[PDB]
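Where a number appears in this text, it was derived from the coordinates with a stated rule and is not lab data. Counting neighbours? That spans all protein chains shown, and the Cβs are built from the backbone with ideal geometry, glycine included.
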2 protein chains.
Amino acid sequence: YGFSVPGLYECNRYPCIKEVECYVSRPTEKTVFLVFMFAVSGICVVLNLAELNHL
Amino acid sequence: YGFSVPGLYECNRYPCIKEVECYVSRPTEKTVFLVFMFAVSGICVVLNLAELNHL
């Protein structure tokens, strides 16, 4: 997923003719959620590594 | 105009997004009309040239 959800999408899949533009719902909230989940997972990874090193 | 009226047209003029496909009305009849008018004009040109050469 990367780090952001863009508001526009370029689509060229059948049955769409040539290339079309599509518009996403709540891109900013989804980007915020993505970044927050990444940060929480990183904190969890750091804590797990610290415990494992302590072992 | 050339010699034919195609049934499909590819259009990329503002405000159309990127490239779009458009569909023409009765292309075959218009092609027949084009060819017929070209033939009649050619006959007129030939007759005019013949008269001018006769002069």
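Output yes when any residue across segment B:7-25 is over 30 Å from residue A:10 (Cβ atoms), touching a residue at least 12 places away in the same chain (Cβ under 8 Å) and either surrounded by 10 or more Cβ atoms within 10 Å (Cβ to Cβ) or more than 14 Å from chain A (Cβ to nearest Cβ) (or both), and no when none is.
no
Provide a single number: the residues in segment B:5-55 that are out of contact with any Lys or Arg (no Cβ under 9 Å at 6 or more places or on another chain) and part of a loop (DSSP other than H, G, I, E, B). Working first, answer last.
Initial filter on segment B:5-55 (out of contact with any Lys or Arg (no Cβ under 9 Å at 6 or more places or on another chain)): B:6-9, B:11, B:13-17, B:22-23, B:25-55.
Subsequent filtering for residues that are part of a loop (DSSP other than H, G, I, E, B) retains B:6-7, B:13-17, B:25-26, B:55.
The qualifying residues number 10.
Would you please name the residue that is surrounded by the most Cβ atoms within 10 Å (Cβ to Cβ), looking only at residues in segment B:26-55 that are among the polar types (S, T, N, Q) and farther than 18 Å from residue B:2 by Cα?
Looking at the filtered set, the residue picked out is B:48.
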